[PDB]
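Asks: There's a structure below that I have some questions on.
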Amino acid sequence: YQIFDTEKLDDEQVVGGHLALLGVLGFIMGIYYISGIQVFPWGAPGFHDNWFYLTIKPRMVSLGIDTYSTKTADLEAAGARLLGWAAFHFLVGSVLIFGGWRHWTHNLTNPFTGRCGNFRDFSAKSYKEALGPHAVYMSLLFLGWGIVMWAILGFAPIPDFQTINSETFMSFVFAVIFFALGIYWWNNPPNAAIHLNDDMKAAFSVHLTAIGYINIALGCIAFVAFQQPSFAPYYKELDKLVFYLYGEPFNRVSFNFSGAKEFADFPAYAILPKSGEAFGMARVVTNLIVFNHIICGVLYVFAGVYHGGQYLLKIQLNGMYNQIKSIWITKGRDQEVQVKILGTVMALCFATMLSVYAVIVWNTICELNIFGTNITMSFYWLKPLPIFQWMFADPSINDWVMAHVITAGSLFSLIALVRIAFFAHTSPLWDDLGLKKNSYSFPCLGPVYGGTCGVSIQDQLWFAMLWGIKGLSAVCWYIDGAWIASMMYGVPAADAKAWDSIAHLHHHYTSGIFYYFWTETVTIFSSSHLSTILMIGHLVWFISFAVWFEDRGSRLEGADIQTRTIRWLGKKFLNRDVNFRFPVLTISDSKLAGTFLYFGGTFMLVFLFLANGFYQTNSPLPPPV
Amino acid sequence: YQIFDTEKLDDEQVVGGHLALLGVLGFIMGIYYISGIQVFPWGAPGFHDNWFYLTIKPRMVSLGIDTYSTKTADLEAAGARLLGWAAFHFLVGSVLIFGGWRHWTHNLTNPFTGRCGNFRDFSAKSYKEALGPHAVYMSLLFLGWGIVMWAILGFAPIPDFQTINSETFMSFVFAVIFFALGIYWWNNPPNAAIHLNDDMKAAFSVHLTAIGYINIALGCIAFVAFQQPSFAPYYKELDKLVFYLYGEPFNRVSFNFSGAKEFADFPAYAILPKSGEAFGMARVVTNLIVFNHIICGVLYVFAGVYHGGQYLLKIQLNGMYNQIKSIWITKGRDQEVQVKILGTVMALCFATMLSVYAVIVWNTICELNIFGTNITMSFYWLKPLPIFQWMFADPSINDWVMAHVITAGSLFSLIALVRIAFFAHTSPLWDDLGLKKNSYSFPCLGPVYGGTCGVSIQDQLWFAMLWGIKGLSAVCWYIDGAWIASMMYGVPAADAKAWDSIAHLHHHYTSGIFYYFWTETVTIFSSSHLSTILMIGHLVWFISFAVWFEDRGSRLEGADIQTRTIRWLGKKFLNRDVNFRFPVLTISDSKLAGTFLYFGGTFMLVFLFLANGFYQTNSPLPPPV
Amino acid sequence: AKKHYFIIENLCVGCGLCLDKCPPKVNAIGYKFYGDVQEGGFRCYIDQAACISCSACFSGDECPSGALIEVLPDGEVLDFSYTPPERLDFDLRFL
Ligand code: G2O
Ligand code: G2O
Ligand SMILES: [Ca+2]
Ligand SMILES: [Ca+2]
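Chains as they are written, first to last, in the UniProt record's numbering: chain L, 62 to 183, 198 to 332, 341 to 708; chain R, 62 to 183, 198 to 332, 341 to 708; chain U, 129 to 223.
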């Protein structure tokens, strides 16, 4: 898994790999396009809805390619347009992959004319001289998109910020500024000088971490934008549609096949039609799009910091770490700012989550009337300040806890990230003794001083991912309407059904944090497809414990004993058929494999919370008196 | 936690501690007795039902102390008898604790006469000479119990094995044989000679492991016995009673307190009466009693083996391990039987659980019709052999998987136990290299050879407990009627609603393995008391990960950084108020603490499965056609 | 050959990374316990009658305590295969 490491590639192979990946992306987008076909223009009843196309259908309908109708002409035209666009994507992707071949093997030669080409001039020597012309290159992409819309899809550029004609107008406005910004940087490159020397690890890490925040920004922008009246024709026109998915509860069949089955439906094993407006499909698609960019955005951030540490450690081993003028290094090359900076962030993280966790248990205590308490004794009055109540619809206590859980969750993960940034080579305790860090992946140093597990910077990356689950999962509850304000809600035990009315919620949330699991899984158990995902997700997750506990030496015991059984068992039952000697993962591989099973297993199940319906009512739930 | 270690105590202190513990047991039993009072003989409306007395109520009713009635005379007499017995218990416990004082401090002197007493003669020198007179001592306990019943409680000894008079008859029969066996061992002591030298660790470990299997035996005996027609007057007379517990759903009160509350019940915040025959109370108490002895029995077994290893390691360090003629040592002092013995047990464990797990997934696949399969393709025909169908009521596939899961679960834990027994000092791999084990608690040896975690015998004990959870939990499902045969059942997805029809189950189980959680928690969420236990159990459990992952060195990082923040924060916010320097558990303490949170957290929740009702119907559930 | 390697006793912590690189035909590196291995009681050592001067033990740059030295053939003592140039530092503030 280090075959494509950065210190082994030169500059051209990056361009070739990027071009090849763009071609692959074009292929898969075309695949999606023909996966979204309904009728096959020649007429061949096509495919049923799947989650891959339903995610992009609003964008197509906005562009006048697909449509929301079931007629003769409409589906015939939509299928033809989709086939044309898929073929165009296939062609451009093939060309791009061929260009990837051309740039990967140092062979920039024209096929028609016997010409050659030097990657140096054709220009730029360093990356700051390359920032410039790229902005000119992007100005062409914006210019082309405005041309493609206007010439092919109609939609003349008009500055009306309620219809899509504004998008065409904006692409021309942006091409003006990116071009104008492009020339100036071509004549005046900017200067963070250290990113040019080890430019394929340092500059890469900064970009990856910067892209991470960008993805989170578009994650939040989409959630707000898609719920506007302007976006209504493309998103909650989904509600008054009927969807046929794969894995739907099908037309059941008895053992008489005779066999009085189902509703009156001619196909046997037919897929039942599922209404998309009792099913909250308009919000389900919005949640799916938003969550994808949020979790991917966070992961890019962790990776960008981790690779910065790999570079940061390297310049401390040869000697250049002492040797930087970039202020991005001198602000932390002191070992007394690091403690102050890490101290002030680990205390703020202490002050914040203790505050919300005190509120959450106190609300939970007040419902169940533990220790003789009423719900009137809870924090049912802690609304956000009136200057902050514009960012919320129906401001209440549920918003107050959310705005702070995100802070508490974020700073909890920042502790690991800072400890990657600063203590890559030495820590105050490791320099307190006489000790090193030399490999950024060494698992431990032994049982000395009570234990030295997980001090390397790769391990610190694992804990940031593990601590980031709480922050990421809090988003899934909030966007699905889960009342994170108390840990039980709608429970018919003592007072959970009272929150409604003493707080004037004016909505109705699904449940509490625990009661979230009992509800929602009413629909998960109804679908066989969703049911298998539930079983697989839980199976993958707990296997993490096999490699995350302090047991690697114990597993090295049995592998030796095993090897001798399959060795003594090919001895007197069957004849000589055995030479295999069992391998056990090392501690470094154990944590790498463990973190993927833990992180992968939990989020394959989060998909079920989002892709099973919305189910948030608007009934104030009258008192349980 | 080694203040009372065995190598620091002499022989008398054991007797003193045992006497003191017996006195404490008498005190707590009296406490239970007066916890089970209803009316207080002078008349003072007493206590409500709690799980501690409801566990012992059938035994009292069998002995004619308590009763199943609500009248004037009955409760008055029962309260008086319970008070008398509690006072008697208090008196005897005080006497026993005083005798514990007398034996703990080497002070066997008569208070009346100025006499002394030698622990040597008053006799026995070694423990085999002590086995003898103990059997004579126990013959007196059996003799006394027959006297106590006959003289006080009536119940003349009569050999009728359908009423309790047989118990009185048996205690006299046993006193004959234990006395007769006592004399012979007084004249002919038996001989496993090694248990006399280091007699307070070796002999203790054998007894503890032997008691473990005894507890499991009475665990299974009680489950069968309590469901007989002879035991009917004391166990399923519980069904046609009405119970008032603590933590019951109480008489709710509105905010008008006015306040139209509830049913017509004069107390406000009154405890609602709960019928004990819709609630499966007759089986709930039986399950509670049985499971307590099973899990305690298993734990004694693990401890008995673990302490045998502590002794076994010690005799290999000084040199006596080479020096035993007890056959219980020579049968494994070879290093070629150990591999064969461990090989043949790790292969049988391989052959068994792979068989059941293949059956369980195949049944689960067949319901949901994954890969185009029917339930007719499942193992709905694999009943136990007709010579084995007497031990089951309604033999079916659910019994076949249970009888093998227990074997698969048991042998899975035996691997750790054997590796405690044999590889305490050296393992084939550790002798393959040049290496030692010297402390039975050392956590690791460092990252050499890829990692050496959890090889000591204390760590092997932790894995036996962790692997034993699967075997122990399988009992909870089975005795609660959970259909462990397939992992989904009663689910309205494809074919899980059938099952009974195609198999002629003649009963109706609650659910499948996964669907076990969604059901059952209908009643857990109804009670506020059970709800708090649910939240606490899950909070304790996941904290195990903080100390079970390879992170001890990482936690040693922050403790140093923390110490400097509470150090730099008492600097310029408040004045000098800080000298505290954060301690982090060592790896050995981390695993000890981690295993208790994991094991303790999971079984506080298993209590909810048992103590929430039975809910097993007898309706064959007609086909879902 | 020349340039022996000589693990330092008092600085070793027993991580064992030095022991990994030595070729299996050459078991020149070993362990010594003399006590409980949690407060630093399993320090390793090098056997000089089996070592063949691979430099895998020194050139790998793995020792975190500076316990491997690699004394030079004539008289010189190393501690790590290259050391940064020991500058000296202050604080700045652009006004
Ligand atoms: C279902 C989960 C698990 C197993 C399956 C298992 C199997 C196993 N384990 Mg394990 N294990 C844990 C989970 C599992 N450990 C956890 C969660 C912990 C942390 C507490 C843990 C810890 C230890 C320690 C410390 C040790 C071991 C061992 C040891 C071996 C013992 C050999 C044996 O019993 O033979 C019997 C082994 C079998 C019968 C295995 C057959 C199964 C069938 C194919 C089921 C399929 C499995 C799976 C569904 C398919 C994989 C698909 C996936 C990739 C999508 C044996 C291979 C030991 C050894 O490695 O050597 C002895 C050892 O020392 N463990
Ligand atoms: C709810 C569970 C957890 C915490 C609460 C917590 C707290 C904590 N952890 Mg943790 N942790 C895990 C769970 C928890 N880790 C898990 C499951 C893993 C395995 C993946 C794990 C792993 C690491 C590693 C590897 C490191 C740490 C640390 C570190 C410290 C960071 C300092 C900080 O962020 O200040 C902020 C700390 C707080 C705001 C703590 C305040 C809470 C309030 C009082 C809530 C009450 C807590 C509880 C309910 C009461 C106890 C009752 C119980 C006994 C019945 C900080 C004390 C690090 C350090 O030790 O030093 C930096 C470190 O290196 N972890
Ligand atoms: Ca949902
Ligand atoms: Ca139950």
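Built from N, CA and C at the ideal position, the CB exists for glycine as well.
Listed from N- to C-terminal order along the chain, which residues in the region 520-534 of chain R have their beta-carbon within a distance smaller than 8 Å of any beta-carbon of chain A?
Replies: No chain A is part of this structure, whose protein chains are labelled L, R and U.
Asks: On the CB-based measure, 16 or more other CB atoms within 10 Å of its CB, does L/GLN645 come out buried or exposed?
Replies: Numbered from its first residue, the first sequence carries residue 645 of chain L at position 562. With 16 or more Cβ atoms within 10 Å of its Cβ, L/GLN645 is classed as buried.
Asks: I want to see whether chain L comes within less than 8 Å of R/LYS553, judged by CB atoms only; does it?
Replies: As a first step, residue 553 of chain R is located in the second sequence; it is residue number 470 there, counting from the start. Judged by the 8 Å Cβ criterion, R/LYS553 is not in contact with chain L.
Asks: Listed in chain order, which residues of the region 362-386 of chain R have Cβ atoms closer than 7 Å to some Cβ of chain L?
Replies: none
Asks: Using only the heavy atoms of ligand 4, determine whether one of them is closer than 7 Å to the beta carbon of R/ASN375.
Replies: Mapped onto the second sequence, residue 375 of chain R falls at position 292. Not under cutoff, so the answer is no.
Asks: What would DSSP say about L/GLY391, mapped onto helix, strand or coil?
Replies: The sequence position of residue 391 of chain L within the first sequence is 308, counting from 1. Of the three classes helix, strand and coil, the one that applies to L/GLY391 here is helix, per DSSP.
Asks: Determine the DSSP secondary structure at R/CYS527, reduced to helix, strand or coil.
Replies: In the second sequence, the residue the question calls residue 527 of chain R occupies position 444. The answer is coil: DSSP assigns R/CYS527 none of H, G, I, E or B.
Asks: Looking at C-alpha atoms only, which residue of R/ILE95, R/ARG647, R/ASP643 is the closest neighbour of R/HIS150?
Replies: Here residue 150 of chain R is taken as the residue at index 89 of the second sequence, counted from 1. Ranking the options by Cα distance to R/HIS150, first place goes to R/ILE95.
Asks: For U/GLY158, report the span of its beta strand (DSSP E) as first-last.
Replies: Walking along the third sequence from the start, residue 158 of chain U turns up at place 30. U/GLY158 -> beta strand (DSSP E) spans 157-159.
Asks: Is R/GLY363 near ligand 3, judged by its Cβ being under 7 Å from some heavy atom?
Replies: In the second sequence, residue 363 of chain R corresponds to position 280, counting from 1. R/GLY363: no, Cβ never under 7 Å from ligand 3.
Asks: Determine whether the beta carbon atoms of R/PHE253 and R/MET213 lie at a separation below 8 Å.
Replies: By 1-based counting over the second sequence, the position of residue 253 of chain R is 178. By 1-based counting over the second sequence, the position of residue 213 of chain R is 138. Yes. Within cutoff.
Asks: Sort out for me which residues DSSP pairs residue 195 of chain R with in a bridge.
Replies: A gap in chain R, from 183 straight to 198, means residue 195 of chain R has no coordinates in the model shown.
Asks: Among L/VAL439, L/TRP411, L/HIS376, L/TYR463, which has the Cα closest to the Cα of L/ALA268?
Replies: As a first step, residue 268 of chain L must be located in the first sequence, where it is residue number 193. It is L/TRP411.
Asks: State yes or no: is the beta carbon of L/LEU518 nearer than 8 Å to at least one beta carbon in chain U?
Replies: Position 435 of the first sequence holds residue 518 of chain L. Judged by the 8 Å Cβ criterion, L/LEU518 is in contact with chain U.
Asks: Going by CA-CA distance only, name the one from L/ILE227, L/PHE682, L/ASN290, L/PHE244 that's closest to L/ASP235.
Replies: In the first sequence, the residue the question calls residue 235 of chain L occupies position 160. That would be L/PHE244, whose Cα lies nearest to the Cα of L/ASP235.
Asks: Examine ligand 3 and report whether any of its heavy atoms sits within less than 7 Å of the Cβ of L/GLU603.
Replies: Mapped onto the first sequence, residue 603 of chain L falls at position 520. True, at least one ligand heavy atom lies under 7 Å from that Cβ.
Asks: Taking the straight line between their C-alpha atoms, what separation do you get for R/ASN695 and R/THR116?
Replies: Residue 695 of chain R sits at position 612 when you count from the first residue of the second sequence. Residue 116 of chain R sits at position 55 when you count from the first residue of the second sequence. Those two C-alpha atoms are separated by around 14 Å.
Asks: Please compile the residues from chain L whose C-beta is within a distance smaller than 7 Å of the C-beta of U/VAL141.
Replies: Reading the third sequence from its first residue, position 13 is the one you call residue 141 of chain U. Ordered by position in chain L, the residues that pass the 7 Å Cβ test against U/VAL141 are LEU528, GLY529, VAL531.
Asks: I'd like to know if the region 621-639 of chain L and the region 532-541 of chain R are in contact, where contact means that at least 3 CB-CB pairs between them fall below 8 Å.
Replies: yes
Asks: Let me know if L/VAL156 comes out buried or exposed under the rule of 16 or more other beta-carbons within 10 Å of its beta-carbon.
Replies: Counted from its first residue, the first sequence places residue 156 of chain L at position 95. Label assigned to L/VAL156: exposed.
Asks: Along the chain, which unbroken stretches of the alpha helix (DSSP H) at least 4 residues long are found entirely within the region 222-308 of chain R?
Replies: 240-262, 277-300
Asks: Measuring alpha carbon to alpha carbon, tell me which of L/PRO526, L/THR509, L/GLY391, L/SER702 ends up nearest L/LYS519.
Replies: In the first sequence, residue 519 of chain L corresponds to position 436, counting from 1. It is L/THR509.
Asks: Take L/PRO575 as the anchor and find which of R/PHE247, R/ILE607, R/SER246, R/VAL488 has the nearest alpha-carbon.
Replies: The count along the first sequence starts at 1 and reaches residue 575 of chain L at position 492. For L/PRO575, the nearest C-alpha among the options comes from R/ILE607.
Asks: Buried or exposed for U/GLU167, going by 16 or more other Cβ atoms inside 10 Å?
Replies: Start at 1 with the first residue of the third sequence, and residue 167 of chain U comes out as number 39. It counts as exposed.
Asks: Beta strand (DSSP E) containing U/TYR173: first to last residue?
Replies: By 1-based counting over the third sequence, the position of residue 173 of chain U is 45. Segment 172-174, the beta strand (DSSP E) holding U/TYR173.
Asks: Could you pull the start and end residues of the alpha helix (DSSP H) that L/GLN421 belongs to?
Replies: Walking along the first sequence from the start, residue 421 of chain L turns up at place 338. It spans 420-451 - the alpha helix (DSSP H) in which L/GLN421 sits, taken as one unbroken run.
Asks: If you follow the alpha helix (DSSP H) that L/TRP112 is part of, which residue opens it and which one closes it?
Replies: In the first sequence, residue 112 of chain L corresponds to position 51, counting from 1. Per DSSP, L/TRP112 belongs to the alpha helix (DSSP H) from 112-123.
Asks: Based on the DSSP secondary-structure assignment, which residues constitute the bridge partners of R/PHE318?
Replies: Translated into the one-based positions of the second sequence, residue 318 of chain R becomes position 243. Checking the DSSP bridge columns, you'll see R/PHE318 partnered with R/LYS357.
Asks: Among residues of its own chain, excluding the 5 on either side of L/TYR681, which ones have a beta-carbon nearer than 6 Å to its beta-carbon?
Replies: Counted from its first residue, the first sequence places residue 681 of chain L at position 598. For L/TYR681, where only same-chain residues beyond five positions count, the Cβ hits under 6 Å are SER627.
Asks: By DSSP, does L/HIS591 sit in helix, in strand, or in coil?
Replies: As a first step, residue 591 of chain L must be located in the first sequence, where it is residue number 508. Of the three classes helix, strand and coil, the one that applies to L/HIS591 here is strand, per DSSP.
Asks: Does DSSP put L/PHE346 in a helix, in a strand, or in coil?
Replies: Numbered from its first residue, the first sequence carries residue 346 of chain L at position 263. DSSP places L/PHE346 in coil when its eight states are reduced to three.
Asks: Decide yes or no for the touch test of the region 66-82 of chain R against the region 656-663 of chain L: beta carbon pairs closer than 8 Å, at least 3 of them.
Replies: no
Asks: Measuring straight from C-alpha to C-alpha, what distance separates R/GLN99 and R/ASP348?
Replies: Taking the first residue of the second sequence as 1, we reach residue 99 of chain R at position 38. Taking the first residue of the second sequence as 1, we reach residue 348 of chain R at position 265. Cα to Cα, R/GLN99 sits roughly 20 Å from R/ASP348.
Asks: Does ligand 2 have even one heavy atom less than 7 Å from the beta-carbon of R/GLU640?
Replies: Along the second sequence, read from residue 1 onward, the residue named residue 640 of chain R stands at position 557. Because some heavy atom of ligand 2 lies under 7 Å away, the Cβ of R/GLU640 counts as near it: yes.
Asks: For L/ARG650, I'd like the list of residues in its chain whose CB is within less than 8 Å of its CB, leaving aside the five on either flank, ordered along the chain.
Replies: If you number the first sequence from 1, residue 650 of chain L lands on position 567. Here the set comprises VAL661.
Asks: With respect to the alpha helix (DSSP H) encompassing R/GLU73, which residues constitute its N-terminal and C-terminal limits?
Replies: As a first step, residue 73 of chain R must be located in the second sequence, where it is residue number 12. Taken as a continuous stretch (DSSP letters only), the alpha helix (DSSP H) holding R/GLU73 covers 72-96.
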